[PDB]
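**Q** experimental coordinates follow, after the sequence.
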Amino acid sequence: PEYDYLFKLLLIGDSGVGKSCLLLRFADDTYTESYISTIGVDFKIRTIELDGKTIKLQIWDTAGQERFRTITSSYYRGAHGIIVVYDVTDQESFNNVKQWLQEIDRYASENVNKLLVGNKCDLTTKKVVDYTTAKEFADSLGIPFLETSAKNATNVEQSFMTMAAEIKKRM
Amino acid sequence: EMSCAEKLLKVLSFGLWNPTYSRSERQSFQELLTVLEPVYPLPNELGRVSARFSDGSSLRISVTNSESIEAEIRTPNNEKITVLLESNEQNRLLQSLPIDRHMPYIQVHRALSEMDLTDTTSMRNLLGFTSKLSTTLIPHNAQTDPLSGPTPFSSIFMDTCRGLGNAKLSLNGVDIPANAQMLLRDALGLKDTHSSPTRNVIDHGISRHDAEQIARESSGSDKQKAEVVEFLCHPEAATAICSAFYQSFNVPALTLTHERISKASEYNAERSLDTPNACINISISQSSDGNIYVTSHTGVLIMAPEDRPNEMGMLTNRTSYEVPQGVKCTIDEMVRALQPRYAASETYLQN
Amino acid sequence: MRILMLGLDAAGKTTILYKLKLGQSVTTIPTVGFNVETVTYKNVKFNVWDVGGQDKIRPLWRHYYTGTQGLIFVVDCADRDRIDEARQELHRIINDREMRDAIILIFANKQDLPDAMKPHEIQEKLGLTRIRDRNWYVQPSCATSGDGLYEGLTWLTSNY
Ligand SMILES: Nc1nc2c(ncn2[C@@H]2O[C@H](COP(=O)(O)OP(=O)(O)OP(=O)(O)O)[C@@H](O)[C@H]2O)c(=O)[nH]1
Ligand SMILES: Nc1nc2c(ncn2[C@@H]2O[C@H](COP(=O)(O)OP(=O)(O)O)[C@@H](O)[C@H]2O)c(=O)[nH]1
Ligand SMILES: [Mg+2]
Ligand SMILES: [Mg+2]
C-alpha cells in the first residue's frame, strides 16, 4: 500500500454537458472533441496530494442518456462522492439536476458527498443559469456549488479537490 | 489472374483463421475483408454482404435463414460467377461474415496474427476487423429498448457532433476520411452539442453543394464518388447518418456484459493503456432498389470470462436497421419508424 | 440418455448446458425457446434439453415430460424470494405421471455468491427430503466455473 487513501468518485448528469471534459482536464490536463460519446462507464485515475497524504483517486464516468439509467445504478454502490454535473448553458440540464439527485438517494449511500457543478461557463453569451439561481438550490441542500470550465480549466482543479477534502472529513 | 473478389471468397472458403498463413498473407486478407459492407437483405435472407474492389470486381454473399450461403461475383470483364458455399467447424466461414445470428450466447471470436491493443490507433484497427465478423442477436425488452423510455433518440444529434471526424464511416464502400466527415458535420448544421439540423436539411437533406464536396474528399473511383452525392441529397440520408451515431444502441448488449466491461477499464486505468472509451464503425449502403440500410457497430474493450484470466478483448455491439423511404431527420419520426436489431460479440487477442 | 433441464428463470440452465458442450463459460442470453445439445462424459452420451424458464413459457414444460430419462432442476441458491416458487414447479413436475419415473438431479448453482445456500438446506426447502419413493440428489455447483457440473453427470450415470 503505497497510497494513504482510495476514494471512488462518480460523475452523473444529463448527456452532453461535459462530464468527460471535466474528467480529462483533471486527470490529463487536456481538452478536445476528437473523442466519441462515452458508451457506458469510463474509468480514469489521478493521484493528488492534500494534507500530506497520498490520495489515489478512482473516478468513474457514466453516460447520460435516460436508457443508461438502469445500467448505471450498479455503480452508485461504493461511491465516496457524486459530482452531479449540469450544463449552465442548457436550461433543461439545470432542471434535471434535481432528478439526478433522486437517483442518488435510491442507489448511492445515504452519506454520499454531493458536489454540484456548473460546467461550460466560458460561453457566457449563451448562458442561462445565474450563479445565484443555482447556488440557491445548492446552498439549500448543503451542496458546494462551483462554476467550472474544462476548456479554460477554471476551477477544474479547485472544484475537484473540494470533494477530496469534503470526504476526508468523514475519515 | 484470379480476380480480387475470387481471392477473398477463396480464402473465407478455406478459413480466414487458418493458422498456416505466413502472416505476410494475413495482411493481404485484412485489406479485402474490410471492404465487405452489410446491405439491405432480402425478405428470406438473414444477412447480405457486398464489396466493390479496386480491380473492378464485385462480390455479393447471401445468407438465407436456412443458413444457406450463396455467393455471386463479377470479374473485371463482368463474368457473373455464382458459387454455392458451405461452412464447417474447420473454416468457420459463417463466422467471418457480418451477419447477426441466433445464438444461445454471445459469439466469441479470435483476432488475427499481430493486432495488438495499446494506443487509440490500435483500437480502431481491431474494430475495423471484428465489425466484419458475426454476432449474436440480443433480445430487448421495453425497459432496455434504446427507443423507449422518457427521452428516446434525444442525444442523436449531439452524439453525432463528437462522433463525426472521429469514426470509421463508409457509404457504399466509399470510405469517408476524417476531413470528409468534418465537412458533413457542417452540412448537417451540427455546430455545437445543442444545435439541430437546419429545417431545410431535414426536408431536403444535404445541399448539393456541401454534399458534392464531401465526395471529392473521399476514397473511391469517380464513378463511386458520384453515387455518394446522389445519396447525400435525399432527406432520408440525413436520418440514416444521425441515427447510426446513437449512443444508447449499446444498452441492449451492455446490460449483458457491463460488469466485465468495467473490469477491462480497471486493468487499463492502472496499466495506463492509452485507449479511448469506445470506437464507432458505421456502414451505410443504399441498394439500387432504393432501400437504405444502416449498420453501426460500436467497439469497447472487455475482460474475458472467468476461465480465461488476464485476457483482454473487444466487444462489438452491432445495430442494424432500415431507413423507410420518407423518414425525415427529426427526433420524432426516428423513434416511430425505425426498428433496429441489436447484437454484439466478444473478440479476444491471439495470445 | 435423454435429460431435461428445467428450473426458474435466471437460474443458470443455459449457462450449464453450454458450459459442458464447450468447457469454457459464455455470456448466456435469456432463453425464449429451447436449447438442446449433446455432451458425452464418462464414456456416456447425454441429451440435454434446456427449456426457457420465463413466467410465460412455463406451461410448455409438460410438452417435454414424455420421453424424459432424467430431470435436472437447476436452482438459484441466492434467489431466496423465489426459492419456494421452485418447489412449486418442481413438485408439479415430478408428480405428473409422465415423469413420475425418472432420476432427479437438483443443481445447487451459484454456490459462489455470498448468500449461498448450503445443499442440505435446498434439500429441505424444495421439499425433496419428505418426498421419498423416488431417486434424487442435491449436487452443489457453479456454472461460471464447472464445479459439480461434471460430478452431477457422473451421478446420473451411476444412478442408472
Ligand atoms: N454469479 C453467478 N452467476 C451465474 C452463475 N451461474 C449462472 N450465472 C448467471 O445466471 C444468469 C442466467 O443464466 P441462464 O442459464 O441464462 O439462466 P436460465 O434460467 O437458463 O435462463 P432461462 O432458461 O431463459 O430463464 C447468467 O448471467 C449466468 O451467467 C453462478 O454460478 N454465479
Ligand atoms: N465550449 C465548451 N464546450 C464544452 C465544454 N465542456 C464540454 N463542452 C462540450 O461538450 C462536448 C463533450 O462533453 P461530453 O464529455 O461529451 O459531455 P458528457 O458526454 O455528458 O460527459 C464537446 O463537444 C464540447 O462541445 C467547455 O468548457 N466549453
Ligand atoms: Mg462521458
Ligand atoms: Mg436459459
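**A** On my side now, so go ahead. Numbering: from 1, shown residues only, chains lettered A, B, ... in the order given. Ligands and ions are numbered 1, 2, ... in the order given.
**Q** I would like the residues contacting the helix or strand hosting residue C:153, please.
**A** Per DSSP states H and E: residue C:153 is located in helix C:151-158. For helix C:151-158, the surrounding residues in contact (CB atoms under 8 Å, 6 or more residues apart in numbering or on different chains) are C:1, C:3, C:20, C:39, C:41-42, C:44, C:46, C:70, C:72, C:103, C:105, C:107, C:137, C:139, C:141. From N, CA and C alone the C-beta is placed, and that goes for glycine too.
**Q** I'd like to know which of those residues are buried.
**A** The neighbour-count test (16 or more other CB atoms under 10 Å in any protein chain shown) marks C:3, C:20, C:39, C:46, C:70, C:72, C:103, C:105, C:107, C:137, C:139, C:141 as buried among those.
**Q** can you tell me which of those residues lies closest to chain B?
**A** Nearest to chain B, judged by CB to the nearest CB, of these is residue C:20 at 12.9 Å.
**Q** residues near whatever residue of the stretch 101-250 of chain B ends up closest to ligand 4, how many?
**A** Nearest to ligand 4, among the residues of the stretch 101-250 of chain B, is residue B:104, at 7.4 Å (CB to the ion). For residue B:104, the count of nearby residues is 20 (other CB atoms under 10 Å in any protein chain shown).
**Q** distance of residue B:5 from chain A?
**A** 32 Å (CB to the nearest CB, to the nearest Å).
**Q** so in chain C, which helix runs the longest?
**A** Longest helix in chain C by number of residues, with DSSP state H as the criterion: helix C:83-95.
**Q** what residues of that one count as buried?
**A** C:83, C:86-87, C:89-90, C:93-94.
**Q** by contact count, what packs against it?
**A** strand C:70-76, helix C:119-125 (3 or more CB pairs under 8 Å, 6 or more residues apart in numbering or on different chains; DSSP states H and E).
**Q** give me the angle between that helix and strand C:70-76.
**A** For helix C:83-95 against strand C:70-76, the angle by axes from the mean of the first three to the mean of the last three CA atoms, to 10 degrees is 170 degrees.
**Q** what's the first helix or strand after helix C:83-95?
**A** Assignment by DSSP H and E places the next element after helix C:83-95 at strand C:103-109.
**Q** what residues does that next one touch?
**A** C:7, C:11-12, C:15-16, C:69-77, C:90, C:94, C:117-119, C:122-123, C:126, C:128, C:134-143, C:148-149, C:152, C:155-156, C:159-160.
**Q** same question, stretch A:38-47
**A** A:3, A:19-20, A:23-24, A:26-27, A:54-63, A:68, A:71-72, A:75, B:247, B:250, B:254, B:258, B:261-262, B:265-266, B:268-270, B:277-278, B:298, B:300.
**Q** PyMOL command for the buried members of those residues?
**A** Here is the PyMOL command that selects the buried residues among the contacts of stretch A:38-47 (16+ other CB under 10 Å):
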select buried, (chain A and resi 19+20+23+24+26+27+55+56+57+58+59+60+61+62+63+68+71+72+75) or (chain B and resi 247+250+254+258+261+262+265+268+269+277+278+298+300)
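**Q** related to what we said a few turns ago, next, the buried residues of the helix holding residue C:153.
**A** Those buried within helix C:151-158 under the rule 16+ other CB under 10 Å are C:152-153, C:155-156.
**Q** is the host helix or strand of residue B:280 in proximity to ligand 2?
**A** Here residue B:280 sits within strand B:279-286, counting by DSSP H and E. No. Strand B:279-286 lies out of reach of ligand 2 by CB under 6 Å from any ligand atom, never closer than 13.6 Å.
**Q** so what does that strand touch, helix or strand wise?
**A** strand B:37-39, helix B:120-130, strand B:169-171, helix B:235-244, strand B:292-303.
**Q** distance from the fourth one to the middle of the chain?
**A** Think helix B:235-244. 15 Å (CA atoms, centre = their mean, to the nearest Å).
**Q** ok, now the first one?
**A** Computed by CA atoms, centre = their mean, the separation of strand B:37-39 from the middle of its chain amounts to 8 Å.
**Q** again, but for the third one
**A** Computed by CA atoms, centre = their mean, the separation of strand B:169-171 from the middle of its chain amounts to 9 Å.
**Q** now do that strand: which elements does it pack against?
**A** For strand B:169-171, the packing partners by 3+ CB pairs under 8 Å, 6+ apart are strand B:174-176, helix B:222-231, strand B:279-286.
**Q** again, 7 Å this time
**A** strand B:279-286 (3 or more CB pairs under 7 Å, 6 or more residues apart in numbering or on different chains; DSSP states H and E).
**Q** and the angle for the strand it packs on with helix B:235-244?
**A** Using the same axes, to 10 degrees: strand B:279-286 against helix B:235-244 is 160 degrees.
**Q** circling back to that earlier point, between the contacts of helix C:151-158, which is closest to ligand 1?
**A** Lowest distance from ligand 1 to the contacts of helix C:151-158 (CB to the nearest ligand atom) belongs to residue C:141, with 7.4 Å.
**Q** contacting residues around the closest one?
**A** The contact partners of residue C:141, taken as CB atoms under 7 Å, 6 or more residues apart in numbering or on different chains, are C:107-109, C:111, C:147-149, C:152.
**Q** got the contact list for residue 115?
**A** All of this refers to chain A. Applying CB under 7 Å, 6+ apart, the residues near residue A:115 are A:81, A:83, A:143-144, A:162-163, A:166.
**Q** I was thinking of chain C, sorry if that wasn't clear
**A** residue C:78.
**Q** secondary structure class for it?
**A** coil (DSSP: H, G, I helix; E, B strand; the rest coil).
**Q** got the contact list for the top strand by length along chain A?
**A** For chain A, the longest strand by residue count, based on DSSP state E, is strand A:54-62. For strand A:54-62, the external contacting residues (CB under 7 Å, 6+ apart) are A:2-12, A:19-20, A:23, A:38, A:41-49, A:68, A:72, A:75, A:164.
**Q** any quick PyMOL command for the buried ones out of those residues?
**A** To isolate the buried ones among these in PyMOL, judged by 16+ other CB under 10 Å, type:
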select buried, chain A and resi 5+7+9+10+11+12+19+20+23+38+41+42+43+44+46+48+68+72+75+164
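**Q** out of the contacts of strand A:54-62, which are inside strands?
**A** Per DSSP E, the contacts of strand A:54-62 map to strands at A:5-11, A:41-44, A:48-49.
**Q** farthest-apart pair in these, please.
**A** A:41 and A:49 (26.8 Å; CB to CB).
**Q** list the contacts for the residue of chain C found nearest chain B?
**A** Of all residues in chain C, residue C:26 sits closest to chain B, at 3.7 Å by CB to the nearest CB. Applying CB under 7 Å, 6+ apart, we find residue C:26 in contact with B:105-106, B:108, C:18.
**Q** ok so it is a strand residue?
**A** No. Per three-state DSSP, residue C:26 lies outside any strand segment and is coil.
**Q** walk me through the domains of chain B.
**A** Following the assignment in CATH domains of a matching chain, chain B carries domains at B:1-94, B:95-351.
**Q** what's the most buried one of these?
**A** Comparing the domains of chain B by mean neighbour count (mean count of other CB atoms under 10 Å in any protein chain shown), domain B:95-351 comes out on top with a mean of 20.
**Q** is any residue of it near ligand 1?
**A** No. Using CB under 6 Å from any ligand atom, domain B:95-351 never reaches ligand 1; the gap is at least 8.0 Å.
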